[PDB]
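Quick setup: one chain, the form deposited in one PDB entry, written in structure tokens, and binding and motion questions come after.
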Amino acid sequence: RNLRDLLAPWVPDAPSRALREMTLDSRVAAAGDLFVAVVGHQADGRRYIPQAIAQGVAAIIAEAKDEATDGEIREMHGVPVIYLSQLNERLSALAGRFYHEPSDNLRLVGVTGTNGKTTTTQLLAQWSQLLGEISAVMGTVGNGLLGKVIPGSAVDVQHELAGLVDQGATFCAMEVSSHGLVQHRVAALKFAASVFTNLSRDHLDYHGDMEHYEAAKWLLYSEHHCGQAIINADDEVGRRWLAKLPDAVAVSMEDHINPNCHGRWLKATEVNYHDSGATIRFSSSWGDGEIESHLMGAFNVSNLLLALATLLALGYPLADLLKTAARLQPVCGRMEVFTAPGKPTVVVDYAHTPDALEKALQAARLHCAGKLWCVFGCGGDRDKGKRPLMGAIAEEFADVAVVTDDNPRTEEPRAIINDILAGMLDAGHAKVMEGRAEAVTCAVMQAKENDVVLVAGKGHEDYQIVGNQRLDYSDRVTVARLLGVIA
């Protein structure tokens, strides 16, 4: 880490200074640090140059806008201050070089879209590690090697990737947000591949608005090192982009592959949704096969097929992917299935809004030969408007609604349940059972072998809040003990 080597691609005359860390914040700047002074969200980091100098930073790189020309080298208190124009745009490349290009020292796959980013990244990291990578994730759940994921400027992204490379990671699956892409947070990253799940943007009904949105996105991907493109052809926007990208991989589970293109493709031909997951039959330009997925619902078929197409595009052999597919796991507490010989199917899911609850029930219904049970409640001392909507959704999409407690906090637990029931056409056909453990047991012990019990609202969140008390309680553990299995 040397200022002269750091800036050699952009500023040839830069003095030699040993550098420690790269920071945007004068308050945490230490002796030897490189301070980077950016103009940002109603803030000007150049205001904090004197504090950064007083903390003993070795050098400063600063926005040139209205202060200096691009590449201008100044000196303040014997500290080099180098000015760069458009420093927000260049910060990714600057940090990339500072951290020795971490995206050139592992296989980085980016995942963009409205939904399925978390699941698709976890599947990419898991499947790659089953084939012998040391894989890592960066996303909304956090950053780290698989099993060690812990809960963001262009500098933080490059630093975190460098941290993963230092820990032995050879593969990283990164959730990329629309906001991250637009604010140049991944601008200099070398993506081996870019995955598009779907675009659920309301607000885009006007042709000029859809045109400008698409124009902004096309411009961004012309500026990035996207690598191989893997696109969900079941998304209308995905299909429009596939029509313009002949080297992209088209993925479908709904017959949207156009075979006249002679491009690379992967298509589910048949799915059997059953008690413990999905049997997925598929054809592809790499060959055909059948996958035993332990994930639940149609959207998770799509997520898995995107991850498969990505790894096939990157050269992972179909035979090795097929042989490891049965080891792919759900995201913990997301449509997580619990089965046992001769027992009902139980799905634990985090769903705690009307929309998540409807999606979870629709997904669970596909796997349900008998009756669909829904065990749920609503949090106390929070917004109450969702209570009757969740009741109506449970009544509509489930055969048996079992309304119980879910963190009633200091609110009268039955008050919450009354709000849920008020949303129903026939409240009298809902079951009510208090104790959540008792309500889960009720559903699981009454359900038939070919029934599906959805236990919604907690997922992995191993507590029940009653009054001021965080009680030890887990849906996953309660269901596991009832079924005689290990959570």
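Just count from 1 along the sequence shown to find any residue number.
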{"property": "Residue 213 dropped from a third or more of the other entries of this protein", "result": "no"}
{"property": "Other compared entries missing residue 281, a third or more", "result": "no"}
{"property": "Residue 152 preceded by how many uncoordinated deposited residues after residue 151", "result": "4 to 9"}
{"property": "Mean C-alpha B-factor comparison - 314-322 and 378-386, higher one", "result": "378-386"}
{"property": "Mean C-alpha temperature factor, higher of 424-432 and 437-445", "result": "424-432"}
{"property": "Selection from 102, 110, 227, 259 [criterion: highest C-alpha temperature factor in the record]", "result": "259"}
{"property": "Among modelled residues of the same chain, the CA temperature factor third for residue 90", "result": "middle"}
{"property": "Chain-relative CA temperature factor third for residue 286", "result": "middle"}
{"property": "Chain-wide C-alpha B factor ranking for residue 350, given as lowest, middle or highest third", "result": "middle"}
{"property": "Assigned third (lowest, middle, highest) for the C-alpha B factor of residue 453", "result": "lowest"}
{"property": "Within-chain third of residue 191 by Cα B-factor, per the entry", "result": "lowest"}
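What comes next is about the form deposited in another entry, which is not displayed.
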item	value
Same rigid block between this form and the one not shown (residue 264, residue 439)	no
Direction of C-alpha distance change in the other form, residue 216 to residue 138 (at least 3 Å)	closer
Relative Cα spacing, residue 339 and residue 130, in the other form - shift of 3 Å or more	farther
